[PDB]
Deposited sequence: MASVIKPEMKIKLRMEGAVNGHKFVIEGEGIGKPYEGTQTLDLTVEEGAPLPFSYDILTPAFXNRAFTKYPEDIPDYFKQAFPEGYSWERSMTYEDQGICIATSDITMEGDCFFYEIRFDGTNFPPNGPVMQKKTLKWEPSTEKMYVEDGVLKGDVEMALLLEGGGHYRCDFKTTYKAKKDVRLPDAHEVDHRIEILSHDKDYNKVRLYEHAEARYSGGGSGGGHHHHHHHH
């Protein structure tokens, strides 16, 4: 038996601020780590209504939920039960910038995330502060090892109202609490989607599908 069950629940709390607006979001959900699928129900507990596009937050809301082929070592599942943390810089094409940190632990059949999210320098009339984003496009994150830890780069793109795209570069460092078998360079294909939401995004249901592969 692995400590990572075929079905794992999720509980999380995010505290953060975007362009000075503070907020707290809590989440509950469930997913299938070996299928690479998960669903989360998120609730704005402080700072409602959010004055910025909810989409900039959603990738901060766990690479344990990735379908890993057997010939690629799975850094994330191996990291449990002790867990792992990641930090991420998100640099937007209009020089908006976000930095997030998340600590991921486990108890029983449930992951626990504590997430800190800070963003600023977004133009007040840009698509983030004016809530003109529609969705993230599906993406491909390039995973590589450097300094003995696992890192990932992905070029991201938000579809805008009117058909434009608004671009972002993600740089992530992932660090397990213990030493684990490190993989070779590979890729992770992602698809993240807000399945439903209420008017102001105080309630959001969020889905990701993710799968690792070599080339």
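Residues of the deposited sequence with no modelled C-alpha atom fall in the ranges 1, 63, 218-232.
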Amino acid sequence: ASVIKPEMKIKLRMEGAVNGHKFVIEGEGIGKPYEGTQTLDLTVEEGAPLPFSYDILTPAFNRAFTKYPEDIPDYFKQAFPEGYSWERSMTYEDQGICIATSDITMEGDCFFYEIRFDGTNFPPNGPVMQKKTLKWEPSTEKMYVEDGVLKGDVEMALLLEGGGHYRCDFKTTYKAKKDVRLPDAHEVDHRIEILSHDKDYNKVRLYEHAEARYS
From here on, numbers count along this sequence of modelled residues.
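When the C-alpha B-factors of 146-154 and 48-56 are averaged, 146-154 comes out higher. Taking the mean C-alpha B-factor of each stretch as recorded, 76-84 and 96-104 are not equal, and the higher mean is that of 76-84.
Of the candidates 171, 63, 190, 177, the PDB record gives 177 the highest C-alpha temperature factor. Sorting the modelled residues of the chain by their CA temperature factor places residue 210 in the lowest third. Sort the chain's modelled residues by C-alpha temperature factor and residue 166 lands in the highest third, per the entry.
For residue 185, the recorded CA B-factor ranks within the highest third of the chain. Only modelled residues enter the ranking. Sorting the modelled residues of the chain by their CA temperature factor places residue 27 in the middle third.
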